[PDB]
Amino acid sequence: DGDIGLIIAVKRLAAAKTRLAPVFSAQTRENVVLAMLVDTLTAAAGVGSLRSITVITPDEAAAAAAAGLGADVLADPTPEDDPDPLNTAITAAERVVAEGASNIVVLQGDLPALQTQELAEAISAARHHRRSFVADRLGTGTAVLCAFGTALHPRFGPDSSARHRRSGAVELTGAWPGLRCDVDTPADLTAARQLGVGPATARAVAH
């Protein structure tokens, strides 16, 4: 059955990963972004403790792709001029997901070298606390946020490591390189490739 309700929030592909503009043309950038979500979902989906994967997004291509892999998809009702769009999409998703699970995990969508075991482990350690989170590879942001029988109160965005620490969420400290190594910039993509990215990403970076 599984007890965890997993959320991924995905912004517009047009807007996404501009720091990858140097190494990739517009359509290739969108594709790589979209395939990183595919590889992230795919590996997430092998985790045994999961009940559901919900993707929330205003982007009909990302909607189609997540739906195609057997995820729930929420249309993102965050407003245009919303000051804090990422954390608002996540809360909008939480509100839904929480009708069907006491324990909720938010996962970033840009973790192409994620391994199933990395996520499972992280979740197994998150259970030992109310609110917990995994930092990103460089330390400053956040790869995953975990809430067991309580509100996520997500503080995603810049210095989300520090802000989550302040929020009182406990820093989980497993190595889990593929979970921590998210991809915003060309050097991130290189680090991820050394860990070994999944098939959608590997194909997409070859065009």
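Start at 1 and count along the sequence shown; that's the residue number.
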property	result
Of 114 to 122 and 97 to 105, the stretch whose C-alpha atoms average the higher B-factor in the entry	97 to 105
Higher-scoring stretch by recorded Cα B factor average, 162 to 170 or 64 to 72	162 to 170
Top Cα B factor in the deposited entry, candidates 181, 56, 50, 37	50
Identity of residue with top Cα B-factor, from 154, 157, 177, 139	139
Ranked against its chain, the third holding the CA B-factor of residue 31	lowest
Residue 4 - which third its CA temperature factor falls in, relative to the rest of the chain	highest
Lowest, middle or highest third - CA B-factor, residue 192	lowest
Ranked against its chain, the third holding the CA B-factor of residue 22	highest
Chain-wide C-alpha B factor ranking for residue 87, given as lowest, middle or highest third	lowest
